Amino acid sequence: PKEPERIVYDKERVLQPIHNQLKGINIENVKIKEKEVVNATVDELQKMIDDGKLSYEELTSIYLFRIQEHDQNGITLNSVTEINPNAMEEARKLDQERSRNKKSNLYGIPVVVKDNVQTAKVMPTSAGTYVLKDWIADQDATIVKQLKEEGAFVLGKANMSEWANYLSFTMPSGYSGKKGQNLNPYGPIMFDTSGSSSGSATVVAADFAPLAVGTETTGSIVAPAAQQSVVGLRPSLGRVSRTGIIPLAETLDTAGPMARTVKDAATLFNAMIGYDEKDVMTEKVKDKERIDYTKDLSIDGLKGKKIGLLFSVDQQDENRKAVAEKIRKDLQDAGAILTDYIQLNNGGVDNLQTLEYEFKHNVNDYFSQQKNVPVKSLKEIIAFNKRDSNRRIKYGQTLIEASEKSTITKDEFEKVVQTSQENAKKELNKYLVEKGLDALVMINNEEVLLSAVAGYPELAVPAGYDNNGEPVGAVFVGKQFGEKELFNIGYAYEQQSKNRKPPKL
């Protein structure tokens, strides 16, 4: 992959919606409440408005102001693709019906969803592409529809690696032909943002939003979360509906919550989960009940837990040696039994061929359902990009070209997926279920291939910063349908370490 550059497309796409609903606002009250809102958890934000020292309209104003001054100006992280023009109108209405309709922790809380998540009549869904930059979907994604059932509203959309990082091998992470290059708030250009949920990681890292929604095929959530020092969760395959999300490979596709705090992540995770008749994958959770993932979160959640390490401190470079060593300490200091150095075996577990065949089919089937989409096939996209290469495909489109002319048959595909799932699931259970380990911890995204295919949940927690200041996260692998135990484990590791530091913008 090539290096990231300071490239920003269509800046007025974000500024004008911000500028329009910030004409009748006092900048004095904004900057004052800004210092009290930044790095504050969701629970703390609810306390600031219960005491009357803040409101939802003010909360939204601060974020929009920060996006205007930091994301599209100043340091210019360029992590926001779209902004809800009705963000203030919805915020004020949530203030009026607050004392009457308040019920959930998510009420009035602005949420930023990934650019590949559908919203109705308001914000375009493009998956970071230039060809879909202006296409507004007909219906909301189910996760968006369920979000507004608890009071939450979509503040805007986050930047991402185009096509969920499936365009070319040379394209830098965080880049999209729609908005441009995403920059890491801990060190622009210097540090990569990772992908493909780069923007969803940045908006919560730079306090552009309290919560964010990302998608993951293989590491697209936990890797940018670790690279930008924020919390990211990949749910079990079937826990969260994918309906209303531009796919990549429905075999692996999933949508997870992202925040600065494990607590806040679980708060968002409450409204994302549920049942969906449209997504047949969510019929593996039908015989289960909805839970509050914020109640059973104790600081002694690591007491007695058996975490298997997927990294070795001694074999680590001098740069990450100090960070990796502190991970073991914090786990031990919290009272957990650590298991040596477990080296997972990636054998027979395919990822690329699963993507090459399924991408063309998922995309074409996706566009066939839409009403007024400017493209109805992957073939038309390829032809569209060719007409202005330097703009629409600066780093090419080799991957989507390979998927279009793929020779792989459906028999070869479903057979590979079958063997891959049985291998990864057995490899994981070998340590998790068989040897009685509660969870597996890794550094960054070194071991995501197995847990993604097997459908096991993943939780990224800020593990600190190396000698150069580059963010390093600790991603936990939980057991199947064990998001409840993962959050409890993740919360205990988070509080008994506190590695995350707010970035200097």
# chains A, B, ... in the order shown; residues from 1 in each chain; ligands from 1
>>> residues_around(residues="residue A:191", least_positions_apart="5", cutoff="10 Å", atoms="only C-alpha atoms", output="ChimeraX atom specification")
/A:4,183-186,227-228,468-471
>>> write_last_selection(atoms="N, CA and C atoms", output="PDB file, in the first residue's frame")
ATOM      1  N   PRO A   4      -0.181   7.623   2.687  1.00  0.00           N
ATOM      2  CA  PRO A   4      -1.291   8.577   2.755  1.00  0.00           C
ATOM      3  C   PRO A   4      -0.822  10.017   2.565  1.00  0.00           C
ATOM      4  N   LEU A 183      -6.954  11.073   8.229  1.00  0.00           N
ATOM      5  CA  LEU A 183      -5.711  11.261   8.970  1.00  0.00           C
ATOM      6  C   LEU A 183      -5.846  10.823  10.427  1.00  0.00           C
ATOM      7  N   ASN A 184      -4.774  10.249  10.967  1.00  0.00           N
ATOM      8  CA  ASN A 184      -4.760   9.788  12.349  1.00  0.00           C
ATOM      9  C   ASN A 184      -4.523  10.957  13.298  1.00  0.00           C
ATOM     10  N   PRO A 185      -5.484  11.209  14.202  1.00  0.00           N
ATOM     11  CA  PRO A 185      -5.450  12.339  15.138  1.00  0.00           C
ATOM     12  C   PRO A 185      -4.245  12.330  16.078  1.00  0.00           C
ATOM     13  N   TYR A 186      -3.578  11.188  16.208  1.00  0.00           N
ATOM     14  CA  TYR A 186      -2.409  11.087  17.075  1.00  0.00           C
ATOM     15  C   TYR A 186      -1.120  11.412  16.329  1.00  0.00           C
ATOM     16  N   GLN A 227      -5.421   1.368  16.218  1.00  0.00           N
ATOM     17  CA  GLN A 227      -4.470   2.285  15.601  1.00  0.00           C
ATOM     18  C   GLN A 227      -4.754   3.737  15.984  1.00  0.00           C
ATOM     19  N   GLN A 228      -5.947   3.988  16.511  1.00  0.00           N
ATOM     20  CA  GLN A 228      -6.334   5.338  16.900  1.00  0.00           C
ATOM     21  C   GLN A 228      -6.772   5.394  18.362  1.00  0.00           C
ATOM     22  N   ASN A 468       7.439   5.685  19.846  1.00  0.00           N
ATOM     23  CA  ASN A 468       7.258   6.765  18.883  1.00  0.00           C
ATOM     24  C   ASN A 468       5.933   7.493  19.076  1.00  0.00           C
ATOM     25  N   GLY A 469       5.085   6.956  19.947  1.00  0.00           N
ATOM     26  CA  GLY A 469       3.804   7.571  20.237  1.00  0.00           C
ATOM     27  C   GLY A 469       2.675   7.006  19.400  1.00  0.00           C
ATOM     28  N   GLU A 470       2.994   6.023  18.565  1.00  0.00           N
ATOM     29  CA  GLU A 470       1.987   5.372  17.736  1.00  0.00           C
ATOM     30  C   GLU A 470       1.108   4.463  18.586  1.00  0.00           C
ATOM     31  N   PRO A 471      -0.216   4.662  18.507  1.00  0.00           N
ATOM     32  CA  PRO A 471      -1.201   3.921  19.302  1.00  0.00           C
ATOM     33  C   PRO A 471      -1.136   2.408  19.098  1.00  0.00           C
TER      34      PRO A 471
END
>>> residues_around(residues="residue A:277", least_positions_apart="6", cutoff="12 Å", atoms="only C-alpha atoms", output="mmCIF file with N, CA and C atoms, in the first residue's frame")
data_model
loop_
_atom_site.group_PDB
_atom_site.id
_atom_site.type_symbol
_atom_site.label_atom_id
_atom_site.label_comp_id
_atom_site.auth_asym_id
_atom_site.auth_seq_id
_atom_site.Cartn_x
_atom_site.Cartn_y
_atom_site.Cartn_z
ATOM 1 N N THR A 142 -31.357 -1.155 9.432
ATOM 2 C CA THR A 142 -32.099 -1.623 10.598
ATOM 3 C C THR A 142 -31.450 -1.162 11.898
ATOM 4 N N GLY A 238 -24.413 -12.845 13.442
ATOM 5 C CA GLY A 238 -25.810 -13.159 13.675
ATOM 6 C C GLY A 238 -26.398 -12.272 14.755
ATOM 7 N N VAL A 240 -25.889 -8.875 15.043
ATOM 8 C CA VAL A 240 -26.301 -7.594 14.477
ATOM 9 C C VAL A 240 -26.687 -7.732 13.006
ATOM 10 N N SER A 241 -27.829 -7.156 12.639
ATOM 11 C CA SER A 241 -28.313 -7.211 11.263
ATOM 12 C C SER A 241 -27.453 -6.371 10.323
ATOM 13 N N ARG A 242 -27.271 -6.862 9.100
ATOM 14 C CA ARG A 242 -26.477 -6.159 8.097
ATOM 15 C C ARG A 242 -27.368 -5.456 7.076
ATOM 16 N N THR A 243 -28.678 -5.550 7.275
ATOM 17 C CA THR A 243 -29.642 -4.951 6.358
ATOM 18 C C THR A 243 -29.516 -3.431 6.323
ATOM 19 N N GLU A 283 -30.976 -15.284 12.492
ATOM 20 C CA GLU A 283 -31.892 -16.295 13.007
ATOM 21 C C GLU A 283 -31.137 -17.306 13.864
ATOM 22 N N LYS A 284 -29.873 -17.004 14.139
ATOM 23 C CA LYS A 284 -29.061 -17.827 15.025
ATOM 24 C C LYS A 284 -29.105 -17.275 16.447
ATOM 25 N N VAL A 285 -29.837 -16.178 16.620
ATOM 26 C CA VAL A 285 -29.972 -15.534 17.922
ATOM 27 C C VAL A 285 -31.439 -15.399 18.319
ATOM 28 N N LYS A 286 -32.317 -16.011 17.530
ATOM 29 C CA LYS A 286 -33.759 -15.906 17.739
ATOM 30 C C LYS A 286 -34.186 -16.439 19.103
#
>>> closest_residue(among="A:459, A:152, A:203, A:448", to="residue A:231", atoms="only C-alpha atoms")
A:459
>>> atom_distance(atom1="atom CA of residue A:454", atom2="atom CA of residue A:211")
26.8 Å
>>> closest_residue(among="A:176, A:444, A:99, A:251", to="residue A:464", atoms="only C-alpha atoms")
A:444
>>> select_by_dssp(residues="stretch 288-341 of chain A", states="helix (DSSP H, G or I)", output="number ranges by chain")
A: 321-333
>>> residues_around(residues="residue A:382", least_positions_apart="4", cutoff="8 Å", atoms="only C-alpha atoms", output="PyMOL selection string")
chain A and resi 378+386+397+400-401
>>> atom_distance(atom1="atom CA of residue A:269", atom2="atom CA of residue A:335")
26.8 Å
>>> residues_around(residues="residue A:163", least_positions_apart="2", cutoff="12 Å", atoms="only C-alpha atoms", output="ChimeraX atom specification")
/A:114-117,125-132,159-161,165-168,171,173-178,195-197,215-217,220,245-249,355,359-360,363,378,381,393,397,399-400
>>> residues_around(residues="stretch 480-497 of chain A", least_positions_apart="3", cutoff="7 Å", atoms="only C-alpha atoms", output="PyMOL selection string")
chain A and resi 235-236+262-263+266+293+296-302+330-331+334+456-457+459+461
>>> closest_residue(among="A:408, A:463, A:8, A:452", to="residue A:361", atoms="only C-alpha atoms")
A:408
>>> residues_around(residues="residue A:81", least_positions_apart="4", cutoff="6 Å", atoms="only C-alpha atoms", output="number ranges by chain")
A: 157-159, 179
>>> atom_distance(atom1="atom CA of residue A:403", atom2="atom CA of residue A:358")
8.0 Å
>>> closest_residue(among="A:30, A:472, A:14, A:322", to="residue A:68", atoms="only C-alpha atoms")
A:14
>>> closest_residue(among="A:310, A:265, A:106, A:123", to="residue A:94", atoms="only C-alpha atoms")
A:106
>>> closest_residue(among="A:151, A:42, A:433, A:24", to="residue A:100", atoms="only C-alpha atoms")
A:151
>>> select_by_dssp(residues="stretch 183-356 of chain A", states="strand (DSSP E)", output="JSON, numbers by chain")
{"A": [211, 212, 213, 214, 215, 231, 232, 233, 234, 255, 256, 257, 258, 259, 306, 307, 308, 309, 337, 338, 339]}
>>> write_last_selection(atoms="C-alpha atoms", output="PDB file, in the first residue's frame")
ATOM      1  CA  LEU A 211     -20.385   6.984  19.704  1.00  0.00           C
ATOM      2  CA  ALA A 212     -19.789   5.560  16.229  1.00  0.00           C
ATOM      3  CA  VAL A 213     -20.779   2.601  14.058  1.00  0.00           C
ATOM      4  CA  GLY A 214     -18.252   0.626  12.028  1.00  0.00           C
ATOM      5  CA  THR A 215     -18.282  -2.460   9.821  1.00  0.00           C
ATOM      6  CA  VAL A 231     -12.665   0.855  21.716  1.00  0.00           C
ATOM      7  CA  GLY A 232     -14.061  -1.295  18.911  1.00  0.00           C
ATOM      8  CA  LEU A 233     -16.262  -4.388  18.990  1.00  0.00           C
ATOM      9  CA  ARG A 234     -16.963  -7.005  16.338  1.00  0.00           C
ATOM     10  CA  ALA A 255     -21.541  -4.057  12.095  1.00  0.00           C
ATOM     11  CA  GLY A 256     -20.081  -3.177  15.489  1.00  0.00           C
ATOM     12  CA  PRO A 257     -19.998  -0.288  17.998  1.00  0.00           C
ATOM     13  CA  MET A 258     -17.020   2.040  18.468  1.00  0.00           C
ATOM     14  CA  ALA A 259     -16.235   4.475  21.288  1.00  0.00           C
ATOM     15  CA  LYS A 306      -8.095 -17.203  32.074  1.00  0.00           C
ATOM     16  CA  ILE A 307      -6.811 -15.060  29.204  1.00  0.00           C
ATOM     17  CA  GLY A 308      -4.636 -16.716  26.567  1.00  0.00           C
ATOM     18  CA  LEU A 309      -1.966 -14.448  25.111  1.00  0.00           C
ATOM     19  CA  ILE A 337      -4.371 -16.190  34.933  1.00  0.00           C
ATOM     20  CA  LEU A 338      -2.293 -15.776  31.778  1.00  0.00           C
ATOM     21  CA  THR A 339      -1.487 -18.641  29.393  1.00  0.00           C
TER      22      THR A 339
END
>>> residues_around(residues="residue A:93", least_positions_apart="6", cutoff="10 Å", atoms="only C-alpha atoms", output="mmCIF file with N, CA, C and O atoms, in the first residue's frame")
data_model
loop_
_atom_site.group_PDB
_atom_site.id
_atom_site.type_symbol
_atom_site.label_atom_id
_atom_site.label_comp_id
_atom_site.auth_asym_id
_atom_site.auth_seq_id
_atom_site.Cartn_x
_atom_site.Cartn_y
_atom_site.Cartn_z
ATOM 1 N N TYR A 56 -29.091 18.799 24.557
ATOM 2 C CA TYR A 56 -28.777 18.023 23.363
ATOM 3 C C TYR A 56 -28.416 18.930 22.191
ATOM 4 O O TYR A 56 -27.561 18.590 21.373
ATOM 5 N N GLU A 57 -29.070 20.085 22.118
ATOM 6 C CA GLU A 57 -28.790 21.058 21.069
ATOM 7 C C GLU A 57 -27.376 21.612 21.214
ATOM 8 O O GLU A 57 -26.664 21.791 20.226
ATOM 9 N N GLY A 108 -31.029 11.100 22.752
ATOM 10 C CA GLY A 108 -30.457 12.399 22.454
ATOM 11 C C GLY A 108 -28.993 12.344 22.061
ATOM 12 O O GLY A 108 -28.409 13.357 21.675
#
>>> decode(residues="stretch 238-271 of chain A", atoms="C-alpha atoms", output="PDB file, in the first residue's frame")
ATOM      1  CA  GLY A 238     -25.810 -13.159  13.675  1.00  0.00           C
ATOM      2  CA  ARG A 239     -25.940 -10.738  16.595  1.00  0.00           C
ATOM      3  CA  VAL A 240     -26.301  -7.594  14.477  1.00  0.00           C
ATOM      4  CA  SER A 241     -28.313  -7.211  11.263  1.00  0.00           C
ATOM      5  CA  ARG A 242     -26.477  -6.159   8.097  1.00  0.00           C
ATOM      6  CA  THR A 243     -29.642  -4.951   6.358  1.00  0.00           C
ATOM      7  CA  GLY A 244     -29.188  -1.453   4.953  1.00  0.00           C
ATOM      8  CA  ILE A 245     -25.414  -1.713   4.675  1.00  0.00           C
ATOM      9  CA  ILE A 246     -23.421  -1.790   1.433  1.00  0.00           C
ATOM     10  CA  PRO A 247     -21.855  -5.274   1.602  1.00  0.00           C
ATOM     11  CA  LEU A 248     -18.408  -6.652   0.815  1.00  0.00           C
ATOM     12  CA  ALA A 249     -18.752 -10.317   1.734  1.00  0.00           C
ATOM     13  CA  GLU A 250     -21.952 -11.286   3.560  1.00  0.00           C
ATOM     14  CA  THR A 251     -20.128 -14.370   4.840  1.00  0.00           C
ATOM     15  CA  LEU A 252     -17.969 -12.147   7.048  1.00  0.00           C
ATOM     16  CA  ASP A 253     -19.773  -8.783   7.013  1.00  0.00           C
ATOM     17  CA  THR A 254     -20.856  -7.388  10.381  1.00  0.00           C
ATOM     18  CA  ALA A 255     -21.541  -4.057  12.095  1.00  0.00           C
ATOM     19  CA  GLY A 256     -20.081  -3.177  15.489  1.00  0.00           C
ATOM     20  CA  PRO A 257     -19.998  -0.288  17.998  1.00  0.00           C
ATOM     21  CA  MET A 258     -17.020   2.040  18.468  1.00  0.00           C
ATOM     22  CA  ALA A 259     -16.235   4.475  21.288  1.00  0.00           C
ATOM     23  CA  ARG A 260     -13.507   5.756  23.609  1.00  0.00           C
ATOM     24  CA  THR A 261     -14.820   3.688  26.505  1.00  0.00           C
ATOM     25  CA  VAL A 262     -15.832   0.020  26.747  1.00  0.00           C
ATOM     26  CA  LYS A 263     -18.844   1.220  28.742  1.00  0.00           C
ATOM     27  CA  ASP A 264     -20.036   3.591  26.015  1.00  0.00           C
ATOM     28  CA  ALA A 265     -19.446   0.898  23.387  1.00  0.00           C
ATOM     29  CA  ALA A 266     -21.756  -1.505  25.217  1.00  0.00           C
ATOM     30  CA  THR A 267     -24.329   1.281  25.500  1.00  0.00           C
ATOM     31  CA  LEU A 268     -24.464   1.633  21.717  1.00  0.00           C
ATOM     32  CA  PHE A 269     -24.340  -2.151  21.323  1.00  0.00           C
ATOM     33  CA  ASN A 270     -27.704  -2.411  23.094  1.00  0.00           C
ATOM     34  CA  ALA A 271     -29.642  -0.836  20.220  1.00  0.00           C
TER      35      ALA A 271
END
